[PDB]
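Quick setup: one chain, the form deposited in one PDB entry, written in C-alpha cells, and binding and motion questions come after.
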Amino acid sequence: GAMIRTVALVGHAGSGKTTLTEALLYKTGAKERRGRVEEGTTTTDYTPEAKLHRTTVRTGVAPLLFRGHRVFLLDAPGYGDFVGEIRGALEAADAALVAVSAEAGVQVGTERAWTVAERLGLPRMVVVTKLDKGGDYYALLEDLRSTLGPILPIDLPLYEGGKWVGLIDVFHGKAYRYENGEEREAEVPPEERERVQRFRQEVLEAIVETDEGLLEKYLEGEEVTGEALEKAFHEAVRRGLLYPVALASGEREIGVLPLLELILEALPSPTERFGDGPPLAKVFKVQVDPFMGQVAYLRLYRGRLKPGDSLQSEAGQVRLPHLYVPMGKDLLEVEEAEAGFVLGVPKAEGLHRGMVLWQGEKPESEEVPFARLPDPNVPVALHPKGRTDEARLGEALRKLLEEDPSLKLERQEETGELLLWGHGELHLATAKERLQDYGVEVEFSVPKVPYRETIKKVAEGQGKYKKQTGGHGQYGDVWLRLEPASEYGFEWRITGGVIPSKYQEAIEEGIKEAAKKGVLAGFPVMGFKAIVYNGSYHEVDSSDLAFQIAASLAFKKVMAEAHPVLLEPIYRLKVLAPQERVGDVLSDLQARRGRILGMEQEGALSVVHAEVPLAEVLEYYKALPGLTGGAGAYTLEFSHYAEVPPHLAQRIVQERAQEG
C-alpha cells in the first residue's frame, strides 16, 4: 500500500512504448480515451516535432495511479538522435522497462538503452510488444537469453486458433483472454500444459538459486513458501540478477494492467535504492514549450516535500510554493510529493538540466545518478533566414539549448561560422523545427572546410617599418628566415644585441598574426620554423607596434618566396556495413578520395578503416543509410593535414581569390 515506483520505458524506435503508455493511462482512468500515435493524440507525443516525425522526440511523464500505488513512468525516445532524453530518463528512474518488438527482437536501440541502464546499476524488465503481428515468442525468449542473460519468463502467449488473445501466467498456471481490452480467466490449453509446467519449473529454479536461504532448503528437500519465493524474486530483480519478461500490447489492449501489477511486484521502490533520509533530487530534463515558459522536471530520489518547502542548490534556495506532477504537457497540482515522484516546476528559468537539489549535507558525485552524454558529432553551419530571424536568433537558441543540452553551439574561430552540433540528421531537423516554434526561421549549410597553408622551401628576407606621426616616429627592422617544419617553432637568433630581447615577444606576435592569413589563399599557415636572425632598432622610435608590423611584413614577404602550398584536413573514417553492402561503401569511398587502410569482420558485417578528406565527408551521415540499407554506422576523427591535390588546390585557390 502506498508503494511508489519510478520507471524509464526505453527500447528501439517503434517498439510500442508510447502506445503502451497510452494504454496504461487509459486503463487506469487517467484519461478518457486511448489516443493514437498515428493520429497525434497521445499524451507523450505533443510537441510539433514529435507529432510530425511520429516518434518520441521528448520524454513524456505518465504519472500512473493504480489501487493507491503510483508508478511514475517516463516514456522515452527510441532513436539515438535523442540520446540526451533517453539517458536523462534512465538517470531519473530506479529501473528500466525495455520494450522489445516480437517481430524484430533485440535491436541496436534496445542494446544502447540496456547498456546505459546497466552502467547506472538499474534493474531491467522486458516487455514484448507486437506479438499480434505474427512472431515466434519462444524463439524470442531463447534469443533474449542469448543476448541479455538471466531472463525470467513471467508470461507465455495464449493463442486461440493461431490468434494471440491473451496471457498464460507461468507462476500461477492460470490463463487470461482478452476481448476489447477486457480480461476473463481462461483454461491453459491441454496441449500447452507440459510446456507451461517446464517453464514454471525453470522460473522457480532460477529464483531459488539467487537466495541462499531458499537454495539451502531446495538442496535438502524442504518446502519453499510462496511468500519466500516472492521476496527472493523481488530481491533478485533489485540486484540485477534476473530480468522478468512480460507480454503486453497497448494496440491489442492485452496484458496492460497485469504489466502494471508486475512493475509493482518486481521493480524496486526509491527506499530500496536510496534508503530514507533528507530530500535529494535532480533536474533530469527541461522543456521550454511555446507559451509555457521554462519547466524543470525533477526526480525526487529521497525524502518528502510539501507545498512551501525549499531545496538547496548550487544557485541558492529553490522554493516550491506549489507542487505539480506532469502528465505529458499538463501540470497537475498535488499536496505532497514522496520519493519516486517526478515534479514539474514552472517559471523555472533558473533551473537547468543536471542540477542537483537537496536538504542537509550536499551530495558528492557517488550519491547522485549520472549518465554522461556523448558529444554531438554532426555539424551544420547556422544562418538566420532574414532580418527578423537574426534579431530573434540569440534568444531562440538560448531556449533551444536549455531544453536540449545534447546540442552544442560554437563559433568556429577559424572559419567564422556559427556551428550547431547534433546527434544525427533527425536530431538536427527537430532543432530547426523547434527554432521555428520559437518564431525563428534558420537554415543549415555544410560547414566550410578549415583549409590551411604551409611552405615547401626555405626563404629569408627583411621586414621593415619606419614612419613618423606628429612628433613621434616608428621604427622596426626584422630579418626573418622561414623553413618548412613539422610543427611551429620560433627561434631568436639575434646576435650583438642588434635588437633588444624586450622586443622578442612583439616580433613573435607579429609573425603569429600574419600567419593567420597565408599568401596562397588566405588560410592559417602552419608547418614552419620562424628564425629572427638580424635586424636593428633605434632607442627613440622603436616600439612593440613597429616591431609587430615589421615582423608581419617580413612574414608576408618571405612566405611568398617559400613555395606555399594548400593543405586540407584528413580524417580517419571507420565504417561498419553489411557484407553484401561493402562493395557500394568502398565504391563510394573511392569516389570521396578515400584511402582504404584495411578491413575487419564482425559476423556478416565488416569494419572498413579509411582516411578521407574532411571535404569529401561533411555529409557522409546523410549518405550512409542508403549505402548500407540503413544498417551502417560510422565514426569520423581528425587525423592530420595533407597537401591538396594540385587540381583541387588550384580551383580552391581560385575560388578564394575570385571573391573575398
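Numbers follow the displayed sequence, beginning with 1. Basically, rigid core = biggest C-alpha set you can superpose within 1.5 Å across the two forms.
There is another form of this protein, the form deposited in another entry, and it is not shown here; the text below is about that form.
Summarising the superposition on the core between this form and the one not shown, the listed residues 588, 390, 132, 251 contain exactly one with a Cα shift of 2 Å or larger, 588.
A displacement of less than 2 angstroms separates the C-alpha positions of residue 28 between this form and the one not shown, with the rigid core held in common. Once both forms are fitted on their rigid core, the CA atom of residue 615 lies less than 2 Å apart between this form and the one not shown. Superposed on the core, the two forms barely differ at residue 41: its CA moves less than 2 Å between this form and the one not shown.
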